[PDB]
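*Asks:* The following block contains the structure, expressed as structure tokens.
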Amino acid sequence: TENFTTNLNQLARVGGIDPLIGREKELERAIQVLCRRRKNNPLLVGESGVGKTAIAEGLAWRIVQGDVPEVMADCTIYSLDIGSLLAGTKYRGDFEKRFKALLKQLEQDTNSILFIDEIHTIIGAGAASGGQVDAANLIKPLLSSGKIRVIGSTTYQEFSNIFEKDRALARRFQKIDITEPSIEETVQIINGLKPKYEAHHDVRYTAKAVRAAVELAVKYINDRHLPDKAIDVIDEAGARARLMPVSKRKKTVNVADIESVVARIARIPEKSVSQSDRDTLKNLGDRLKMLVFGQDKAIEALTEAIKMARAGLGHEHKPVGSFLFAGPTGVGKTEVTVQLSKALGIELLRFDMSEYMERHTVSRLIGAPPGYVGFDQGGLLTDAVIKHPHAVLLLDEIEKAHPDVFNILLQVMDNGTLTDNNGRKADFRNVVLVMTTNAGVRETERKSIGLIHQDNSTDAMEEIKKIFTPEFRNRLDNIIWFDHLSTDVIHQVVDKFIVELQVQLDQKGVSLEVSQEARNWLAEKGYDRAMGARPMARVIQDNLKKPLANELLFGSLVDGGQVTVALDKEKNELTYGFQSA
Amino acid sequence: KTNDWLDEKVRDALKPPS
Ligand SMILES: Nc1ncnc2c1ncn2[C@@H]1O[C@H](COP(=O)(O)OP(=O)(O)OP(O)(O)=S)[C@@H](O)[C@H]1O
Ligand SMILES: Nc1ncnc2c1ncn2[C@@H]1O[C@H](COP(=O)(O)OP(=O)(O)OP(O)(O)=S)[C@@H](O)[C@H]1O
Ligand SMILES: [Mg+2]
Ligand SMILES: [Mg+2]
């Protein structure tokens, strides 16, 4: 019994068990249930991280300390180590000798109680050929007799799926619900546990710091329950303060330190803005304008929304931004979104929405229901967001997607989280949701009847309203209608494409010089308001790339070439001069 | 009006007689 089980009462005397703070209803229920018959044995079914082990182990510490009833004052508590019992069960009858011997000691004393943590495991523990014995069966007669009382703890899922299956054990055991405590109750627990953590790390936590940990952790960390989640910040905060300075100049834990620790655990960019990061944020609009010309309203909306999140003036349970980009073909809707990720140095979660045209395909985003071939792979959207909490979610061609797709996004915009088939929740608070749409684009290129063409921008918005539900538009932070590229804007676009060509030529050792007159000629030939910037690329391909390709493959530009481009005013045709150099 | 159609072995341990 020395190795099979451990004496929790003795452990508390040496300080092994941590101090028990709170949970007075659970302790009261456990003690009263133990003394009475008719399911004397209490159970501690609760969710993970809710302190189930602390209630059973904290009871032994309380009994040795005092302030317990006389009947329970002398009741010693032991914990069953299932691994120890099976360590030496090589030969037949070893388990019987160990389990029966242990039960005899507990039963004969009549005041010893065994606390079997994770009691779901003992239901089995043996399937060897011939024996046909189990730990639960060995103790089933004793529990039915009621001579021996045993405490237990199990997860809610395990109790319903494992403990509930064995009606005999479930019938005897008395369930005691355990749930996450209140915010006030949790900070009190940390104060009670503050001497232990402070001693190990040689740090001191301020009253505000413990309060901040509970509020900040619950706000940003959702998967874990409140007791362990809040304590995880305290333990990590002490370690960081202890380990960060080699000189040990800073021993106390400031509130600012708690914020930084919570940020890394929850992978949120929200923190005090750094000088290096601050500079980049200021020039985000300027850099975006250099790459994407025009569409200033779109850039302003993205930059201002992102700035608010770092400043802290952001939606509590919604994404930083939910922008719908609708415009004519060829305008830089996708480019600004793609370039935004590069400028901000964050991953681009580009999800083409043409593939999700069918209703059944939407399950792919949130995962296939359990029990199918594709359940294991999981959702593509939730997994991507979990892997990259701070990222740009570019849902291009959202119009093509099935109406069911929009339903999923409605929850993300307001609730701020989406649950997959597995049940994990993805945090979209730091995700920049930009959905490009081509709705009402035919009207944009439609030429109205009459001498003077009419502005069909209003007609396009009506089509967008028809395709998108009113509730969907209300949730969106802003709807930006991209304007048609002007002649001045197109001139900048031509230069940008030439720069891309120059970079490609640099790889081959060729340098391209385009005169100002040549650039104007290219712009006029390819400038179409309806088609957009894309025709400019086609003009560059035929006029510039095609001649260079022949020379590059077979000609003067094969190695270390040079190029000059000028516009023949008399012939109104470009002249390409190649020097072998 | 299209319709979409949606679509034992364990190791054991031996104990020698004591
Ligand atoms: N009411 C409480 N009073 C004091 N300390 C607590 C309390 N609840 C939790 N703690 C502390 O926080 C820890 C939480 O983890 P445990 O209680 O050990 O986990 P557990 O209940 O065994 O976990 P599962 O997931 O349910 S098996 C405890 O061990 C204590 O250190
Ligand atoms: N406003 C712009 N400024 C600079 N380059 C642009 C601009 N708009 C388009 N381009 C160029 O066109 C390409 C980017 O096109 P995208 O923005 O991806 O098109 P899009 O908005 O997805 O198109 P549709 O027709 O609206 S689906 C790159 O070659 C860009 O350099
Ligand atoms: Mg436990
Ligand atoms: Mg697009």
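*Asks:* Return the residues of the range A:288-299 that are assigned to a helix (DSSP H, G or I) and more than 29 Å from the chain's Cα centre (by Cα); say none if nothing qualifies.
*Replies:* A:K289, A:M290, A:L291, A:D296, A:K297
One line per residue, one yes/no per condition, for (1) touching a strand residue (DSSP E or B) at 6+ places or on another chain (Cβ under 7 Å); (2) within 25 Å of A:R224 (Cβ to Cβ):
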{"position": "A:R359", "(1), (2)": "no, no"}
{"position": "A:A368", "(1), (2)": "no, no"}
{"position": "A:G374", "(1), (2)": "no, no"}
{"position": "A:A384", "(1), (2)": "yes, yes"}
{"position": "A:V405", "(1), (2)": "no, no"}
{"position": "A:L418", "(1), (2)": "yes, yes"}
{"position": "A:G423", "(1), (2)": "no, yes"}
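*Asks:* Quick check on my filter: what residues within chain B are under 30 Å from A:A368 (Cβ atoms) and either more than 8 Å from chain A (Cβ to nearest Cβ) or among the acidic types (D, E) (or both)?
*Replies:* Listed by number, the residues that qualify are B:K1, B:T2, B:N3, B:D4, B:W5, B:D7, B:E8, B:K9, B:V10, B:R11.
*Asks:* Quick one: A:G371 ticks every box in (1) touching a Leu at 6+ places or on another chain (Cβ under 7 Å); (2) away from ligand 4 (no atom under 16 Å from the Cβ); (3) not in a helix (DSSP H, G or I) bar one, so which box is it?
*Replies:* Status for A:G371: all satisfied but (1).
*Asks:* Next up: Considering only the range A:126-140, I want to know if a residue exists there that is touching an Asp or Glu at 6+ places or on another chain (Cβ under 6 Å) and within 14 Å of chain B (Cβ to nearest Cβ).
*Replies:* Checked against the condition, which is being touching an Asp or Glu at 6+ places or on another chain (Cβ under 6 Å) and within 14 Å of chain B (Cβ to nearest Cβ), the range A:126-140 yields at least one hit.
*Asks:* When the range A:89-105 is examined, which residues are found to be within 10 Å of chain B (Cβ to nearest Cβ) and hydrophobic (A, V, I, L, M, F, W, C)?
*Replies:* Result: A:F95, single match.
*Asks:* Could you list all residues from the range A:119-135 that are in a helix (DSSP H, G or I), touching a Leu at 6+ places or on another chain (Cβ under 9 Å) and surrounded by fewer than 19 Cβ atoms within 10 Å (Cβ to Cβ)?
*Replies:* A:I123
*Asks:* Part of a loop (DSSP other than H, G, I, E, B), under 28 Å from A:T329 (Cβ atoms) and more than 16 Å from ligand 1 (Cβ to nearest atom): which single residue out of A:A549, A:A537, A:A530, A:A518 fits that description?
*Replies:* Step by step, each of A:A549, A:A537, A:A530, A:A518 is checked, and only A:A530 is part of a loop (DSSP other than H, G, I, E, B), under 28 Å from A:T329 (Cβ atoms) and more than 16 Å from ligand 1 (Cβ to nearest atom).
*Asks:* Another question, then. Tell me whether the range A:360-367 contains one or more residues that are surrounded by fewer than 17 Cβ atoms within 10 Å (Cβ to Cβ) and either within 14 Å of another protein chain (Cβ to nearest Cβ) or on the phi > 0 side of the Ramachandran plot (or both).
*Replies:* The answer is yes, given that some residue of the range A:360-367 is surrounded by fewer than 17 Cβ atoms within 10 Å (Cβ to Cβ) and either within 14 Å of another protein chain (Cβ to nearest Cβ) or on the phi > 0 side of the Ramachandran plot (or both).
*Asks:* Search the range A:476-499 for residues that are within 17 Å of A:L291 (Cβ to Cβ) and pair each with any residue that is assigned to a helix (DSSP H, G or I) and polar (S, T, N, Q) when their beta-carbon atoms are under 8 Å apart and the residues are at least 6 apart or on different chains.
*Replies:* A:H491/A:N520
*Asks:* Does A:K425 satisfy being more than 16 Å from ligand 1 (Cβ to nearest atom), exposed (fewer than 15 other Cβ atoms within 10 Å of the Cβ) and closer than 25 Å to A:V320 by Cα?
*Replies:* no
*Asks:* Would you mind stating whether A:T437 is more than 16 Å from ligand 4 (Cβ to nearest atom) and either farther than 16 Å from A:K318 by Cα or surrounded by 15 or more Cβ atoms within 10 Å (Cβ to Cβ) (or both)?
*Replies:* No: the conditions fail for A:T437.
*Asks:* Taking the range A:300-328 only, how many residues are part of a helix (DSSP H, G or I) and away from ligand 4 (no atom under 16 Å from the Cβ)?
*Replies:* Within the range A:300-328, residues that are part of a helix (DSSP H, G or I) and away from ligand 4 (no atom under 16 Å from the Cβ) number 11.
*Asks:* Which residues, counting only those in the range A:208-232, are of a type in the set (A, V, I, L, M), within 17 Å of A:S182 (Cα to Cα) and part of a helix (DSSP H, G or I)?
*Replies:* A:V210, A:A212, A:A213, A:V214, A:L216, A:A217, A:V218, A:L226, A:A230, A:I231
*Asks:* Check whether at least one residue in the range A:75-87 is over 45 Å from the mean Cα position of the chain (by Cα) and away from chain B (no Cβ under 14 Å), and report yes or no.
*Replies:* Yes, the range A:75-87 contains a residue that is over 45 Å from the mean Cα position of the chain (by Cα) and away from chain B (no Cβ under 14 Å).
Cβ coordinates were reconstructed from backbone atoms using ideal geometry, including for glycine residues, and neighbour counts include every protein chain displayed. No value in this document is a laboratory result; all are computed from the given coordinates.
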